[PDB]
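J.: Task: produce atomic coordinates for the following.
(8 chains, ligands or ions: 14)
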Amino acid sequence: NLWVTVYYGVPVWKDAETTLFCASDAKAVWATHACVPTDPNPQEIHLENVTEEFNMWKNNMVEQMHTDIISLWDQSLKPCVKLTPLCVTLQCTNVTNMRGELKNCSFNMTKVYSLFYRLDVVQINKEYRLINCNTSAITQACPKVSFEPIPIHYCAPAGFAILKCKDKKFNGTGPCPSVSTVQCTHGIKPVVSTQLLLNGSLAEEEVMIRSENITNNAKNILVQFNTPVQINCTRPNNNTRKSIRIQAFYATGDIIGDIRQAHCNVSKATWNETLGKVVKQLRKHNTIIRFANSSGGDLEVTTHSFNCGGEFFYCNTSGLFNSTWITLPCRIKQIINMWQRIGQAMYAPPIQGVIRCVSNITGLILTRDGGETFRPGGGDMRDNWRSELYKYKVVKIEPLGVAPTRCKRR
Amino acid sequence: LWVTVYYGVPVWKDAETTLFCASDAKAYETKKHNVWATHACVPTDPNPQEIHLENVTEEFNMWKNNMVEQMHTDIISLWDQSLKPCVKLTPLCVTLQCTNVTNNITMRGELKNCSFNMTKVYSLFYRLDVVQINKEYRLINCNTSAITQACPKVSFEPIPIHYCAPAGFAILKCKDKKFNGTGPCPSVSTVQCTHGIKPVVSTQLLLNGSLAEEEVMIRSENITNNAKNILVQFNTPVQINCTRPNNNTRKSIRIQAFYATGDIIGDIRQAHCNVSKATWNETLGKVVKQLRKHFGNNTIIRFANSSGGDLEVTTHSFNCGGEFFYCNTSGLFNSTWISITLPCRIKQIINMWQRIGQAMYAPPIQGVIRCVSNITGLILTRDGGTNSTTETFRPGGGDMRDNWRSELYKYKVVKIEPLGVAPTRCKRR
Amino acid sequence: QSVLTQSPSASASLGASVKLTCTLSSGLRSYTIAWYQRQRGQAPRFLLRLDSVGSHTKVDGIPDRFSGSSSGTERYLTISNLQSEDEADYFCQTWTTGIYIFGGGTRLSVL
Amino acid sequence: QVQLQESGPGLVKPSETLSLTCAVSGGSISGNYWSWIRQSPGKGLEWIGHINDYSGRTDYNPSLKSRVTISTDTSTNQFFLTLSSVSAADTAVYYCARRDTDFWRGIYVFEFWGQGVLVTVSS
Amino acid sequence: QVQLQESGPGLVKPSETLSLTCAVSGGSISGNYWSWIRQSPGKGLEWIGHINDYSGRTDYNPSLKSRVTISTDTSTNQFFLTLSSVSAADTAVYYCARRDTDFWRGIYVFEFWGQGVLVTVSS
Amino acid sequence: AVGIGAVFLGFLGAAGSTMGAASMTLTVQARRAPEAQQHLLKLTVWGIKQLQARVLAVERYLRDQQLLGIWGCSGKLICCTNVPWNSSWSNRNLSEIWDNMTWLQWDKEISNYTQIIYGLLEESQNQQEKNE
Amino acid sequence: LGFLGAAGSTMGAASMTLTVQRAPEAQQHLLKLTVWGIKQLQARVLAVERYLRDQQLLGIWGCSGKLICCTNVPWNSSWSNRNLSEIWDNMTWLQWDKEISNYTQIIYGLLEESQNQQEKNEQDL
Amino acid sequence: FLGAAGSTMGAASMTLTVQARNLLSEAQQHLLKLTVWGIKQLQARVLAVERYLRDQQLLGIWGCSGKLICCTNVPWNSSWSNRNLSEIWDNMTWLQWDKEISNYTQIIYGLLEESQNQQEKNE
Ligand SMILES: *[C@@H]1O[C@H](CO)[C@@H](O[C@@H]2O[C@H](CO)[C@@H](O[C@@H]3O[C@H](CO[C@H]4O[C@H](CO)[C@@H](O)[C@H](O)[C@@H]4O)[C@@H](O)[C@H](O[C@H]4O[C@H](CO)[C@@H](O)[C@H](O)[C@@H]4O)[C@@H]3O)[C@H](O)[C@H]2NC(C)=O)[C@H](O)[C@H]1NC(C)=O
Ligand SMILES: *[C@@H]1O[C@H](CO)[C@@H](O[C@@H]2O[C@H](CO)[C@@H](O[C@@H]3O[C@H](CO)[C@@H](O)[C@H](O[C@H]4O[C@H](CO)[C@@H](O)[C@H](O)[C@@H]4O)[C@@H]3O)[C@H](O)[C@H]2NC(C)=O)[C@H](O)[C@H]1NC(C)=O
Ligand SMILES: *[C@@H]1O[C@H](CO)[C@@H](O[C@@H]2O[C@H](CO)[C@@H](O[C@@H]3O[C@H](CO)[C@@H](O)[C@H](O[C@H]4O[C@H](CO)[C@@H](O)[C@H](O)[C@@H]4O)[C@@H]3O)[C@H](O)[C@H]2NC(C)=O)[C@H](O)[C@H]1NC(C)=O
Ligand SMILES: *[C@@H]1O[C@H](CO)[C@@H](O[C@@H]2O[C@H](CO)[C@@H](O[C@@H]3O[C@H](CO[C@H]4O[C@H](CO)[C@@H](O)[C@H](O)[C@@H]4O)[C@@H](O)[C@H](O)[C@@H]3O)[C@H](O)[C@H]2NC(C)=O)[C@H](O)[C@H]1NC(C)=O
Ligand SMILES: *[C@@H]1O[C@H](CO)[C@@H](O[C@@H]2O[C@H](CO)[C@@H](O[C@@H]3O[C@H](CO)[C@@H](O)[C@H](O)[C@@H]3O)[C@H](O)[C@H]2NC(C)=O)[C@H](O)[C@H]1NC(C)=O
Ligand SMILES: *[C@@H]1O[C@H](CO)[C@@H](O[C@@H]2O[C@H](CO)[C@@H](O[C@@H]3O[C@H](CO)[C@@H](O)[C@H](O)[C@@H]3O)[C@H](O)[C@H]2NC(C)=O)[C@H](O)[C@H]1NC(C)=O
Ligand SMILES: *[C@@H]1O[C@H](CO)[C@@H](O[C@@H]2O[C@H](CO)[C@@H](O)[C@H](O)[C@H]2NC(C)=O)[C@H](O)[C@H]1NC(C)=O
Ligand SMILES: *[C@@H]1O[C@H](CO)[C@@H](O[C@@H]2O[C@H](CO)[C@@H](O)[C@H](O)[C@H]2NC(C)=O)[C@H](O)[C@H]1NC(C)=O
Ligand SMILES: *[C@@H]1O[C@H](CO)[C@@H](O[C@@H]2O[C@H](CO)[C@@H](O)[C@H](O)[C@H]2NC(C)=O)[C@H](O)[C@H]1NC(C)=O
Ligand SMILES: *[C@@H]1O[C@H](CO)[C@@H](O)[C@H](O)[C@H]1NC(C)=O
Ligand SMILES: *[C@@H]1O[C@H](CO)[C@@H](O)[C@H](O)[C@H]1NC(C)=O
Ligand SMILES: *[C@@H]1O[C@H](CO)[C@@H](O)[C@H](O)[C@H]1NC(C)=O
Ligand SMILES: *[C@@H]1O[C@H](CO)[C@@H](O)[C@H](O)[C@H]1NC(C)=O
Ligand SMILES: *[C@@H]1O[C@H](CO)[C@@H](O)[C@H](O)[C@H]1NC(C)=O
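T.: Residues are numbered from 1 along each chain as shown, chains lettered A, B, ... in the order given. Ligands and ions are numbered 1, 2, ... in the order given. This is the structure:
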């Protein structure tokens, strides 16, 4: 004999998708003009005794961030110059002044020679051409804009709140005991990488491992470290920018000094200790835990493809993953198509001098094996962006509520 | 019985309130920078809340409307605000020693190369722009006018402008294709934001105008009364291609960087517009058919060219690419009916909106200026009258509000008052 | 270039073992592939992913009798304990760039 | 439990637009990639295109980039293929499939497919 | 039908402000043009100014732009002329009139005129 | 585009309908810019303008609700009062008003006496609350 | 926002709590301040609009204002029958809403019908 | 606006509606000044509206729900300046009454809320 009663004012919220706009810190790199500045007083209201179950593999914030990144890339690339006239036969020859590698190619435009990379051009049957000149309308990046990742916060619009999890013991899924309410988010860095997370957030307590369903050896496995493994990586070549007018096209001139492949090292002891912590973690969830290298696939998944000061390195990473329970020869190419699209491709104009970038390594992407061997993998940019957005969930507040109490009105 | 109130009731009251502009997103976002027609107006909603109403008949009257006056005032203020930052031409008012150029003759050139001693500097002007003083010449209005020149960067071009009623109001829109614009309208829709309105200055013709569906429409407050104008809306837009066959250069003479016209590259010829003859004849046939319908079959419709008065109404005044042509229609309306290359000139000193206030000086346009436009509306002034003989429809206009009234002919601003009461058999306990 | 090849048709008796060979091009020396079966007149089914090292990803609901292996630029799909349902069209597909490469289709019949 | 169903004209003349509609049941709310594939008789399959259900970033096969258009209707949760300038060489069995969201060792697969619909061009 | 009633001092000393007030009845709700005109004795008529009682923007004769100011109030629905720094030659009969909006071939006419108020300047 | 103005247009949603049909419809109806160049600051100004438009809508709605609450109606969409309807106001019977004419014609016929109707309503509510 | 503090508590505690319930132009980083002010006024205006719509719903349910409103439609058996003590003493409001989320539309419909019937049969006599 | 603010209790009680209705009333740097002015004005009106809504909510907690001259069931304890009802209602202005009651407002509000809740729950 109970009766419904409405209780307007109750603190009830429901998960609900929305369109987070943006938040940046740099002055209107990225296009950044659609990004509002961020100097608020972030109201970190820590809720009490609130158990709100989270998820990371079903967020619709992640796809929103991926769409924003793609849109920013396209908008920044738009005012640049197309490379349609470059679709001509190239007269290529080897250079001697990782033995062959670079190739010097002359082309006739109305007859000048420039430098190209072996993995950047394909011969036709001596005579070479671009890797994909007619299939994809290649466009070269504008020289003034770089690719350094500017922090990009996501704030909820009016009516929505973002729920942070401060619990250290957290694998993404399942209930989250400690929760807090916020309007903005921390300084997520839109870095592009594979098999190594490069400058992402550091997890507390011991090293953390997570996946959709571990048992299923298809779901990507994300590992977040505790102590970053320092990696300093250089391109020891005095590259010479060369400007050719058709509309100003940029290319590589004759190399100043000796020609040496771009390579870089990793602190062996620190890497070994971090990998030991990781392999200790994987024993949960006593058999052999191997570590092979990337098994096949295109260049964007075989190597640790990543940007550095406007130059894109596709780095051999077999040496980092061979310990069964360090120098890495980093190949270089300048043609690039991002986010696994077709019809769009960048040229990455060369940067003069020698470049050296010093960065942390914070996360690892590993895949199980059938039957173990946790060889690295990845390339699904969403998996990369789920290593910082794993403690956020847009939520809409719904004050109205109904309860079964004993009342009779009139 | 008793009385009960009904909050949330469809009510209408014909009241006038200020409306705010709305620039299209692509109008400003895409390319337009430093143009008068767009400013900090609120961008329109992606899709208007157009709701179709049923079994409702509202009375419309464009000749007693208020949106036309509101938009004319907004255009006036916007034009003045655009002209304000530019530097004045007050020091330029001085005696000039002019000789007329004889480099080429088309229809004489009429240009004058004039020297002024600004402590001898030469410049080029047009005959209408400068008046002889008693050879010595002087600007037409520099004695008793605060003459001004437009900013070099800004450009004159129509840009769509929407009007959205503020909260608590609505825009009733007559969707009837056959609607002369007076009295009841059978189909009345309701909107928040109106359709695209392009502020275009023109006389005797409506350029960039909105074509009217169904047949050609004839509108007037009083067909019988001679004084009232007549708007004619064609159903098929007529192409016009007008070009000034000359190229000029700008000389920066400091007074304040004054821009003066330079010598013309090669040949010099007076401007010309082109209109296809057959389309003009067909449109005139439709127009005279509708006018006979309003006047009887036995009535005889005659046409004639302008009857005089100033120069911005006798001819067809319009801006093209930043140059203000005053292009004659002496020959277009010369045909007697029973039951073409337009030669034309320019004037760089213009009196916009017919006021004796500041007059704006047209900056020179480099290169050949050509433009295509949509002649869609005609302004006709009925001949006097003697009865049952004939009718003559020499073009008139000039009143810019008349030009506005063609685009805003199908809107009214209404105040909704959802607090009506009613009687019923209900008593509160 | 980049192209997949395979036998146009192969057959075996019921209860025997059937071998399907998917051949990668020279530039595809190590790419992972995926196997697809299509019984005549029904929706093609996902079978498994399989790379050059021999790793295979079983799909929920697929019979365990399906198996796979790798050898250089050759990928082997092994089936045992056949019936009339296994008669179908099989093909291997791969993703090099954002363009897909499918096989030419192989008809397998059981007698 | 995701099911894909396809429908559309069975016979189409040359030189017009062929429209095919595919509805889905059980799919995720957003973030899915709906792909359109076809197989000509006697020839191997080839990918036509796909759409990201959340963003709307279309993508098409380069050999058919200037003729096709794929759109989505989230309200009814369907997606449409419109192939223009169809000829006698475009007769095929058309499938609407759902793209993978795992990228295991450099592959995108099509976990779920439709029953396939015949499309033919004849005089 | 619009009726006009003008009023103001009949005797004004030289060299001070001269104020006239004209009340209009039956005018249009908006878009009116209230004009002030005068005729000096032994001389022809001459326009003084006009006000758009909706926009509020004024206009005056070029030769009197520095000495006149015309205002208007809609609520009481009247309009005022203030001619400051009057001289000996400004004695005249003043009329407040309404000019039309027809614009019949390059003319604006004042159909409705006031009775005509005398203004004489003397010491 | 959003706010309370949409609610007002929804009130307008059926103007020529039947009085009873209009009342039923009233009861039923009770329930990432691209920013190419210099668009951020213009977006801030447009935000100021949109907030002031929404605030104008909210204030008009609140003024109407307060006017309704001055009488004996609180905030109910349909409300019943306790002041007699004298025969001076449309002496002809209620079938024609409640079945045939749309709200427009009733408003046209009542606008002459709406003020005295409101005054009587307010006085009746004040008297009813004072007596109780 | 603002009233999220009481979340995670017992419905008894939540009900009790809800029952009780010149800047110059020389400031550095002015654009951030004005943009976040725009955002805060957006939030406050959306809050007042949401409150107005919720109050309209409460009015159509015969509650007008008020917070703890009582009505006349009985609690059906299908709506997750449970012992009232453990409903109102141990769990939290969020879990209860997650449990009853499948049925709230039917609840609102029945509530509106009950209030309409109450108005009809009260004005009847 | 304040109207008969200082008048006798009866006149103010009869003229509550006046106060009730009155309570609810580019170029870069130039653009920043404009937006700061807009922020100030919008903040003022929004805070006024929110304060009005909070007062309406307080009225709604009790048995008023927007009605001006409310009526409750809380007994009037003599501790809150017990005097003759007529004498209180025809001598002291609202200001002095509130000044000499401002020490007991909170207990009155609490008693009102408790009585309304008890009436709701008991029935
Ligand atoms: C609209 O259409 C009307 C026709 O209905 C045109 O009117 C004619 O305009 C032309 C000029 O374009 C006029 O020609 C001028 O005639 C003046 C008077 O002299 C003669 O014409 C009158 C009859 O009007 C006779 O009685 C008399 O015996 C003469 O035969 C001349 O004084 C003019 O000369 C001046 O202008 C020309 C051209 O610039 C100069 O070269 C001269 O030096 C001098 O300055 C000229 O010859 C013609 O007379 C007009 N007829 C009528 C009936 O009005 C309008 O021009 C046309 N457009 C407009 C805007 O109204
Ligand atoms: C990941 O780890 C695996 C094993 O740990 C590793 O596999 C090895 O790869 C190398 C490079 O391909 C293989 O070396 C080959 O040896 C044969 C012997 O005849 C040669 O013919 C091959 O030459 C071809 O490839 C060259 C490029 O490498 C060409 O320049 C040449 O012209 C020929 O086309 C080649 O040298 C080696 O046999 C395997 N080892 C095993 C056990 O498979 C792999 O390289 C690592 N890195 C990845 C996958 O990116
Ligand atoms: C991860 O974090 C690390 C540090 O936390 C970060 O390293 C930074 O890399 C950038 C890119 O190389 C460095 O910035 C450059 O530094 C060099 C040498 O100091 C300068 O010469 C550069 O000047 C350029 O600046 C112009 C305008 O930006 C360019 O247009 C022009 O080409 C000039 O060459 C430039 O400042 C930066 O110094 C380091 N920071 C540190 C602390 O070392 C790294 O980039 C992060 N991300 C990744 C993917 O590693
Ligand atoms: C009715 O709509 C027509 C749409 O074309 C209008 O024609 C246009 O008028 C505008 C001005 O209102 C012109 O804008 C300027 O034009 C000049 C000269 O035009 C040439 O150069 C431009 C720019 O490269 C080019 O777009 C044109 O095609 C011409 O080659 C330019 O120098 C200025 O920069 C500025 O663009 C349009 O150009 C002009 N377009 C044409 C050719 O019609 C027409 O004016 C409208 N009717 C009226 C009078 O309102
Ligand atoms: C991440 O950590 C959380 C806990 O912090 C893990 O959640 C746990 O998930 C399992 C299921 O995988 C839950 O087991 C459940 O047990 C009940 C009763 O036996 C049964 O009815 C359910 O069907 C379910 O099997 C377990 O309760 C839950 N933990 C808690 C505290 O509720 C999660 O699995 C971890 N994720 C990974 C990838 O390790
Ligand atoms: C979590 O990841 C595991 C790892 O694969 C998934 O487990 C598998 O789920 C499938 C269902 O799609 C199971 O297949 C079915 O199992 C039932 C018995 O429960 C059987 O009767 C059916 O005939 C069918 O085989 C499969 O056994 C199971 N385990 C494996 C493959 O080892 C699970 O689905 C994932 N959970 C979620 C929520 O995604
Ligand atoms: C990535 O690194 C591994 C190891 O450095 C490379 O494998 C070596 O390849 C060379 C060249 O034929 C052989 O001489 C070595 O014997 C290989 N290493 C081992 C341990 O056998 C691998 O080739 C590199 N990746 C690429 C694409 O070249
Ligand atoms: C690598 O990650 C650390 C985060 O742990 C970055 O930040 C430094 O962290 C240490 C450890 O507490 C602090 O002492 C420093 O003050 C932090 N800042 C800097 C600038 O060192 C660190 O910057 C990252 N490495 C690089 C090269 O940026
Ligand atoms: C347009 O046509 C309509 C037809 O109803 C005119 O409305 C009435 O027309 C009759 C003559 O047919 C007049 O006697 C009435 O006085 C008109 N009433 C109205 C609404 O004014 C309307 O006047 C015409 N408008 C014009 C002249 O364009
Ligand atoms: C691009 O050119 C190559 C050789 O010139 C050719 O094989 C290829 O088919 C071309 N691409 C397209 C899409 O036709
Ligand atoms: C693993 O691979 C690296 C590089 O190919 C090699 O140097 C090493 O000897 C291998 N074996 C190990 C680390 O046990
Ligand atoms: C204008 O040019 C003509 C020749 O067409 C000439 O006769 C006349 O004298 C010139 N005017 C002046 C003022 O020089
Ligand atoms: C103007 O006329 C041309 C004639 O081809 C027509 O195409 C165009 O639509 C008309 N209006 C516009 C928008 O220019
Ligand atoms: C200027 O105009 C005035 C009349 O407003 C007149 O008195 C004066 O003489 C004129 N002077 C010139 C330079 O024409």
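
J.: Just give me the residue right at the centre of chain F.
T.: By Cα atoms, centre = their mean, chain F has its centre lying nearest to residue F:64, at 6.6 Å.

J.: I'd assumed that one was in a strand, is it?
T.: No - counting by DSSP: H, G, I helix; E, B strand; the rest coil, residue F:64 is located in no strand; its state is helix.

J.: Tell me what the residue nearest the centre of chain D is bridged to.
T.: Centrality entry for chain D: nearest residue to the mean C-alpha point is residue D:36, 1.9 Å, by Cα atoms, centre = their mean. Beta-bridge partners for residue D:36, by DSSP bridges, are residue D:49, residue D:96.

J.: shouldn't it be in contact with residue D:58?
T.: No - using Cβ atoms under 8 Å, residue D:36 is not in contact with residue D:58, being 10.7 Å away. Yep, even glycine has a C-beta here, placed from its N, CA and C like the rest.

J.: Now the common contact residues for the two.
T.: D:49, D:50, D:70 (Cβ atoms under 8 Å, 6 or more residues apart in numbering or on different chains).

J.: Against chain G, how distant is the residue in the stretch 151-300 of chain A positioned nearest to chain B?
T.: Going by Cβ to the nearest Cβ, chain B is nearest to residue A:157 of the stretch 151-300 of chain A, at 17.1 Å. Residue A:157 sits 8 Å away from chain G, taking Cβ to the nearest Cβ, to the nearest Å as the criterion.

J.: swap in residue A:284?
T.: For residue A:284 relative to chain G (Cβ to the nearest Cβ), the value is 30 Å.

J.: my read: the residue nearest to the centre of chain F touches residue B:420, true?
T.: No - Residue F:64 is not in contact with residue B:420 according to Cβ under 8 Å; the separation is 11.7 Å.

J.: nearest spatial neighbour of the closest residue to ligand 6 within chain D, skipping sequence neighbours?
T.: Of all residues in chain D, residue D:1 sits closest to ligand 6, at 9.3 Å by Cβ to the nearest ligand atom. Excluding its sequence neighbours, the residue lying closest to residue D:1 (Cβ to Cβ, 6 or more residues apart in numbering or on different chains) is residue D:26, at 4.7 Å.

J.: Next: residue A:45.
T.: Per Cβ to Cβ, 6+ apart, closest to residue A:45 is residue A:181, 4.8 Å.

J.: Neighbours of the one you found, how many?
T.: 23 (other Cβ atoms under 10 Å in any protein chain shown).

J.: contacting residues for it?
T.: By Cβ under 8 Å, 6+ apart, the neighbours of residue A:181 are A:44, A:45, A:47, A:161, A:162, A:163, A:164, G:1, G:4.

J.: any idea how far the residue in chain C that ligand 6 sits nearest to is from ligand 14?
T.: Proximity of chain C to ligand 6 (Cβ to the nearest ligand atom) peaks at residue C:60, 3.3 Å away. Going from residue C:60 to ligand 14 by Cβ to the nearest ligand atom, to the nearest Å gives 96 Å.

J.: can you count the residues close to that residue?
T.: If we define neighbours as other Cβ under 10 Å, then residue C:60 has 6 of them.

J.: For it, what are phi and psi?
T.: In this entry, residue C:60 is assigned phi and psi values of phi -60, psi 130 (degrees, to the nearest 10).

J.: swap in residue A:222?
T.: Backbone phi and psi, for residue A:222 under degrees, to the nearest 10, turn out to be phi -100, psi 130.

J.: so it touches residue A:376, yeah?
T.: No - judged on Cβ under 8 Å, residue A:222 makes no contact with residue A:376 at a distance of 11.7 Å.

J.: shared neighbours of the two, anything?
T.: A:364, A:365.

J.: For whichever residue of chain F sits closest to ligand 8, what is the enclosing helix or strand?
T.: For chain F and ligand 8, the shortest gap (Cβ to the nearest ligand atom) falls at residue F:40, measuring 29.6 Å. If you go by DSSP states H and E, residue F:40 is part of helix F:39-70.

J.: And the following helix or strand past that helix, what's buried?
T.: From helix F:39-70 onward toward the C-terminus, using DSSP H and E, the following helix or strand is helix F:94-99. By neighbour count on 16 or more other Cβ atoms under 10 Å in any protein chain shown, the buried set for helix F:94-99 is F:97, F:98.

J.: Distance from the chain centre to the following helix or strand past helix F:94-99, please.
T.: Tracing the chain C-terminally past helix F:94-99 and defining elements by DSSP H and E, one meets helix F:103-110 next. What separates the centre of helix F:103-110 from the centre of its chain is 15 Å, taken as Cα atoms, centre = their mean, to the nearest Å.

J.: if I pick the residue of the stretch 151-300 of chain A closest to chain B, what's in contact with it?
T.: Residues near residue A:157 by Cβ under 8 Å, 6+ apart: A:18, A:19, A:20, A:21, G:42.

J.: which of the residues you listed are buried?
T.: The buried subset of the contacts of residue A:157 (16+ other Cβ under 10 Å) comprises A:20, A:21, G:42.

J.: Now do the first one against ligand 3, distance only.
T.: Residue A:20 sits at a distance of 23 Å from ligand 3 (criterion: Cβ to the nearest ligand atom).

J.: do the second one as well
T.: Here the distance between residue A:21 and ligand 3 works out to 25 Å (Cβ to the nearest ligand atom).

J.: and stretch D:101-108, does that touch chain A?
T.: Yes - residues of stretch D:101-108 contacting chain A under Cβ under 8 Å from any Cβ of the partner chain: D:101, D:102, D:103, D:104, D:105, D:106, D:107.

J.: same check, this time on stretch F:72-85
T.: No - Stretch F:72-85 stays clear of chain A (Cβ under 8 Å from any Cβ), getting no nearer than 13.6 Å.

J.: Which residue comes closest to the residue in chain C that ligand 4 sits nearest to once chain neighbours are left out?
T.: Residue nearest to ligand 4 within chain C: residue C:98 (37.5 Å; Cβ to the nearest ligand atom). Nearest in space to residue C:98, with sequence neighbours left out and distances taken as Cβ to Cβ, 6+ apart, is residue A:342 at 4.1 Å.

J.: Would you check that that neighbour makes contact with residue C:96?
T.: No - with contact defined as Cβ under 8 Å, residue A:342 does not reach residue C:96; the gap is 10.7 Å.

J.: At the geometric centre of chain C, which residue sits there?
T.: For chain C, residue C:35 is the residue whose C-alpha lies nearest the centre (Cα atoms, centre = their mean; 4.0 Å).

J.: show me what contacts that one?
T.: C:20, C:22, C:47, C:48, C:50, C:66, C:68, C:77, C:90, C:91, C:92.

J.: go on, residue A:342?
T.: With contact taken as Cβ under 8 Å, 6+ apart, residue A:342 is in contact with A:135, A:136, C:97, C:98, C:99, D:59, D:62.

J.: Also residue C:106?
T.: Listed by Cβ under 8 Å, 6+ apart, the contact set of residue C:106 reads C:6, C:7, C:8, C:9, C:10, C:20, C:89, C:90, C:91.

J.: ok, of those residues, which one's closest to residue C:83?
T.: residue C:90 (15.4 Å; Cβ to Cβ).

J.: okay, now residue 109: neighbour count?
T.: Picking chain A for this. Neighbours around residue A:109, by other Cβ under 10 Å: 12.

J.: look at chain D instead
T.: Around residue D:109 there are 29 residues (other Cβ under 10 Å).

J.: now residue A:59
T.: 23.

J.: what's the answer for the one 4 residues further on, then?
T.: By other Cβ under 10 Å, 21 other residues sit near residue A:63.

J.: Going by contacts, tell me the helices and strands next to the longest helix along chain A.
T.: The residue-count maximum for a helix in chain A (DSSP state H) belongs to helix A:61-77. Under the contact criterion of 3 or more Cβ pairs under 8 Å, 6 or more residues apart in numbering or on different chains; DSSP states H and E, helix A:61-77 touches strand A:344-346, helix A:381-385.
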